[PDB]
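The figures here come from the full heavy-atom set of this structure, side chains too, leaving out hydrogens, waters and symmetry mates. Whatever order the structure lists them in is the order used to number ligands and atoms, beginning at 1. We're numbering straight along the sequence, starting at 1.
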Amino acid sequence: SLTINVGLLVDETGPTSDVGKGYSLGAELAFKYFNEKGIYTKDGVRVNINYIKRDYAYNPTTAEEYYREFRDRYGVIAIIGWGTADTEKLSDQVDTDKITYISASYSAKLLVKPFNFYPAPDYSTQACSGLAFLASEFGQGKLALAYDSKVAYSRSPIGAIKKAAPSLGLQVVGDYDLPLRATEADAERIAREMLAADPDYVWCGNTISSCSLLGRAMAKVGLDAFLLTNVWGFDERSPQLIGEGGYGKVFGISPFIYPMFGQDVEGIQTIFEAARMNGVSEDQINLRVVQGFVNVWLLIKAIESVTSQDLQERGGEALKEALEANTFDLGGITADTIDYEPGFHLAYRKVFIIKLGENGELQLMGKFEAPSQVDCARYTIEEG
Ligand SMILES: [Mg+2]
């Protein structure tokens, strides 16, 4: 009875497609799932989502071209987006255009942008939560930071990590330039550079490809430090990508429960049903699929929170206001429920921590959160 247009901006072929492919699959699964099950406004009008998928391959020029297409050709009222650089670049424009923007980027810089949302803590709060886990579990010690200095995503929480680090009992010993498109040689060079400083802990801010190469290299060159990665740097593939050398010594952050730890989680079972209905094999359902699915689901919950009159008249603005006026639960997938403040869209703070176990199998550590007094988010926002 009502159809809305929604953009889906993904990286299926570029330098972040290691994690981007799964996200795209999960987002599409969610669109098809909720469309078929039935999406209803508060006054009971059915909503159909016509989604327009565009693989921009992490290319910032292409991102802006597809944005203009979404807006001008399709008149979308919402976009399910991707990269930190492009999401940040577009944030002021999406406010002007009144398009609700839900991103795979969890940049803290988005928190003050009125139309940007994501169902996770920002990257900095996530990072500081993971580092607090390290400090409390293994003690105070030396910390090296490995990230691509040229990539907005790789840089995002670095400033906040440096500011928060002393209060966490962590001494930052250096920054190390690991490319987003790191080769094995790049990873070994960085591991050998860090070895000279002998850190107890290593942070990596890149996607799973370079994070895993680094973990593997660290073990190969004899740097026996723990590796902690951001959410996009670690998943179900990590045991195989890092190898036996990293067993017992690598940790991943995730705001979302993995399917393998979520047999009894409603939202995980919702994804599994979506998979069955769309001919997707169960073994293709992973964390990346969850990350895509939950972004679409957050949009669905917003639509279910508005009247059809509101949706028709104010479009993306009706969706923004609904996201600000309600607490959301996505079938218990997220580490905490979702609640957004006008002017500060911080969904929640805590995260799950996952260990690459001694036996090579992934192990859930539990939920962890940075100290209450550490304003990780605002540290990053105030940068510059
Ligand atoms: Mg709220």
Side-chain angles (χ1 to χ4, degrees), residues 4 6 30 34 39-43 47 49 77-81 87-88 90-92 94-126 128-129 160 231 254-257 266-267 270 290-291 293-311 313-352 367 369-370 372-382:
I4 60 167
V6 172
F34 294 113
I39 305 148
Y40 299 93
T41 57
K42 278 197 292 176
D43 53 326
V47 181
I49 299 183
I77 56 164
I79 294 164
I80 304 295
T87 312
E88 277 182 10
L90 291 163
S91 55
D92 279 341
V94 308
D95 174 51
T96 301
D97 297 332
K98 303 203 213 298
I99 297 176
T100 287
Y101 209 102
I102 304 167
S103 56
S105 171
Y106 314 128
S107 171
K109 298 188 171 174
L110 295 174
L111 298 168
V112 293
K113 305 292 185 192
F115 280 80
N116 292 268
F117 298 87
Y118 44 85
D122 64 281
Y123 281 140
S124 308
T125 305
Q126 286 190 229
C128 294
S129 293
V231 58
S254 178
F256 321 95
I257 201 63
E266 199 278 341
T270 294
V290 177
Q291 292 182 264
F293 199 94
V294 296
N295 281 11
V296 173
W297 203 349
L298 182 69
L299 174 66
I300 300 311
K301 296 261 186 166
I303 298 163
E304 292 170 336
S305 303
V306 302
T307 66
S308 55
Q309 293 81 18
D310 209 0
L311 193 60
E313 289 168 39
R314 310 189 298 150
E317 187 172 63
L319 292 173
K320 150 166 140 60
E321 293 183 359
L323 288 161
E324 289 177 332
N326 302 101
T327 292
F328 300 98
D329 176 42
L330 272 22
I333 289 172
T334 59
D336 199 354
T337 52
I338 293 150
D339 195 1
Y340 300 113
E341 172 178 343
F344 198 70
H345 296 158
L346 185 61
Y348 55 96
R349 294 183 82 245
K350 67 182 75 170
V351 293
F352 299 106
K367 297 174 177 180
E369 199 184 339
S372 302
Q373 56 208 342
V374 183
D375 204 345
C376 329
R378 289 190 184 82
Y379 296 166
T380 304
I381 294 155
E382 289 163 11

The Mg ion (ligand 1): which protein N, O or S atoms are under 2.8 Å away? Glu324 O, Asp339 OD1, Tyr340 O
Residues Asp43 and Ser308: side-chain donor-acceptor under 3.5 angstrom: yes
Can you see whether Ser124 engages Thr380 through a side-chain donor-acceptor pair at a distance of less than 3.5 angstrom? yes
From OG (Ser107) to OH (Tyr118), nearest 0.5 Å: 6.0 Å
Mind telling me whether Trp297 and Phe34 have parallel, tilted or perpendicular rings, with 30° and 60° as the class edges? tilted
Please say which of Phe328, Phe115, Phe117 ends up in a ring pair (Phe, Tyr, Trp, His ring centres under 6.0 Å) with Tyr340. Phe117
Any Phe293 side-chain heavy atom under 4.5 Å of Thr270 side chain: yes
